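Report on the following structure.
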Amino acid sequence: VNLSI
Amino acid sequence: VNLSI
Amino acid sequence: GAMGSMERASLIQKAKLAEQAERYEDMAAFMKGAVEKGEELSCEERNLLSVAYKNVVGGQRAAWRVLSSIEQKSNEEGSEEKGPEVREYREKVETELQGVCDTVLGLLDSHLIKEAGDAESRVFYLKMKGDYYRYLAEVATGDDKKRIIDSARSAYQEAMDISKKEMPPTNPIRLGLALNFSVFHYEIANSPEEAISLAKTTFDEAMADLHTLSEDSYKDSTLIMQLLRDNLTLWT
Amino acid sequence: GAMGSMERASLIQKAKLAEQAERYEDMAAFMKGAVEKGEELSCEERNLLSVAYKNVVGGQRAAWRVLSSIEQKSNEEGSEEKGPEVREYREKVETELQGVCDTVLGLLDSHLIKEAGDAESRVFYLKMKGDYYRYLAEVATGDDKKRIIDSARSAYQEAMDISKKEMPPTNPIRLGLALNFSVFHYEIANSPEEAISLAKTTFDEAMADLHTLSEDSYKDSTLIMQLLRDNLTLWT
Ligand SMILES: [Cl-]
Ligand SMILES: [Cl-]
Ligand SMILES: [Mg+2]
Ligand SMILES: [Mg+2]
Ligand SMILES: [Mg+2]
Ligand SMILES: [Mg+2]
């Protein structure tokens with residue numbers, strides 16, 4: 001999955 | 001911890 | 001009830017979806033709705049009911065233990081006063097937990113247990129009754145503590161009596177009932193010797209019956225036998 | 001509001017307890033109550049707010065994806081008809097998710113953003129506004145889809161403009177904003193080249209500023225730089 005914060 | 005089911 | 005307008009089959013279908021989505025509060029509400037339709041539950045449906053509430057109450061119990069530990073530390077020697085907040089929030093979680101337990105016990109009493117005549121359903125529901133009184137007992141501190149404990153014991157004992165008469169020693173419901181009743185003895189009733197004796201006798205009698213089983217039944221039974229063994233390793 | 005009778009400090013104390021207990025819905029409700037007291041939020045308080053709603057909406061998004069995948073399969077060639085239940089329950093989760101997003105966006109608009117004058121608070125809140133419009137965009141399918149996407153873009157862009165003027169390239173808020181805006185480009189705006197360019201330029205400019213930092217700041221910054229790198233490795 002795309003990494004977000 | 002005590003194992004339960 | 002908010003589920004009163006939904007078909008029984010649709011509630012069961014959505015409970016299975018909620019499980020896949022790890023939405024256990026939804027799963028529990030759907031299965032509560034299914035129970036309240038008033039028909040008896042199939043084996044698969046009973047296990048959906050138990051999976052859902054086990055996950056809900058399991059998270060509440062874990063949160064309660066975190067908060068109770070913080071609370072106990074705050075009451076040690078040399079702990080700075082921090083006000084009523086820790087107690088209040090532990091009480092909030094505790095109250096919600098008790099509410100879930102009361103809801104399950106209410107479903108069992110209205111009217112799942114009285115309609116359950118086969119050993120597999122009756123033992124299953126009486127194990128559940130023992131389990132949820134045990135969860136009440138874990139947080140109990142007042143005048144009713146002893147009666148709560150005895151209600152757990154009484155339900156477990158009725159289930160044990162039926163299971164020993166009506167089920168083989170390897171039956172997974174029988175084995176899980178014995179596992180949890182042994183945890184009751186160790187953790188709630190201050191009876192570790194009873195806990196150890198029950199777990200050992202249950203394990204040994206199952207071991208001696210494994211030869212009667214298919215490969216798939218053998219896997220089901222040995223899985224729970226290993227939990228008995230894990231507890232014995234912790235307790236001895 | 002149900003938190004209107006509780007002291008601001010008590011709400012913050014209980015938010016921290018809920019976090020320790022992994023009770024993120026409670027944590028979010030406590031922080032919503034704290035915001036509604038009307039005072040600006042400290043750095044630590046802003047991060048409690050974001051942690052709480054990030055966890056709540058994160059679980060809803062994961063559940064929505066599970067259910068949307070089941071729904072898409074049911075609409076394939078050769079899939080047996082199963083009735084409206086999958087769509088209904090996906091819609092239920094979707095509606096609750098949108099409600100959480102609307103609640104956060106409401107707090108930002110009433111009145112967190114308009115009172116935020118320092119770069120660290122203003123960029124933080126505008127990143128949040130971009131993030132929660134992005135979550136709305138992930139589930140959007142109707143006439144408002146393009147406007148939802150543009151609302152996300154506009155908030156991210158205002159935050160980027162301020163962060164580039166007012167913050168060093170290693171600032172963790174700046175870095176996380178850039179990370180999420182690059183995800184917006186890749187996942188929402190159908191702009192993978194923009195996503196890749198942003199992540200690379202952000203990473204390279206941070207790398208060149210690391211020499212100015214203490215050991216602890218270096219650890220904070222490199223942690224988020226590694227997330228930029230992980231995305232670039234996935235996308236290229
Ligand atoms: Cl509380
Ligand atoms: Cl639904
Ligand atoms: Mg009907
Ligand atoms: Mg019957
Ligand atoms: Mg006050
Ligand atoms: Mg201000």
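Each ligand, and each atom within it, is numbered from 1 in the order the structure gives. Order of the sequence lines fixes the chain letters, A, B, ..., with proteins taken first and strands second; residue numbering starts at 1 for each chain.
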So which of the N, O or S atoms of C:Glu7 lies nearest the Mg ion (ligand 3)? OE1

Any side-chain heavy-atom pair from D:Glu120 and D:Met167 closer than 4.5 angstrom? yes

Any idea which N/O/S atom from D:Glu115 gets closest to the Mg ion (ligand 6)? O

Please verify the inter-ring angle class for D:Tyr132 with D:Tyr135; under 30° counts as parallel, over 60° as perpendicular, anything in between as tilted. perpendicular

Look at atom NZ of C:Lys114 and say whether more than 12 heavy atoms of other residues, nucleotides or ligands are closer to it than 6.0 Å. yes

Cation over ring face, D:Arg153 and D:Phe184, 6.0 Å, 45°: no

Can an N, O or S atom be found in D:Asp118 less than 2.8 Å away from the Mg ion (ligand 6)? no

